[PDB]
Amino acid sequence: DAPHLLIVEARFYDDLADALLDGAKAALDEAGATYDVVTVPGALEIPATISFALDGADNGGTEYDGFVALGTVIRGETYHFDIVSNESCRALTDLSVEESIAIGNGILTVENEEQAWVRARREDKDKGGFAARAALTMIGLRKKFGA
């Protein structure tokens, strides 16, 4: 009946991860939507994890109506920051189009822990909740179009 989504969380920085999740679940809960939660090491494996979910469903496995990506990448002194940020979001967008699925992108790309918390906190900019909401929104348009 109600939409059932998969929340794929890249758990690199534990505390912030809990923040994004707190808001994510909140939004889904309010909307009366259910979900499952899978934890991955870094934002880089988020797109492959959703890929895994798709293949499973095509084997009689759980079928999800939408996904929500949660993660945080903080700018240090190494170029790695761009790469982890670019590849995760790049592969995530290609995925939403090529597989025609509803994806809410909640992967932060800030310069420091300061900025992260302002966006991570639910009582603040609650980006985790904004991502869950977007996913719900997309789940809606997907139906409205007959996709």
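The numbering used is simple: start at 1 and walk along the sequence shown.
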Q) Which has the higher mean CA temperature factor in the PDB entry, 35-43 or 115-123? A) 115-123
**Q.** Greater mean Cα temperature factor according to the PDB record, 5-13 or 20-28
**A.** 20-28
Q) At the C-alpha atoms, which of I83, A91, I107, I50 reaches the highest B-factor in this entry? A) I83
Q | CA B-factor ranking of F67, expressed as a third of its chain | A | lowest
**Q.** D55 - Cα temperature factor, lowest/middle/highest third of chain
**A.** middle
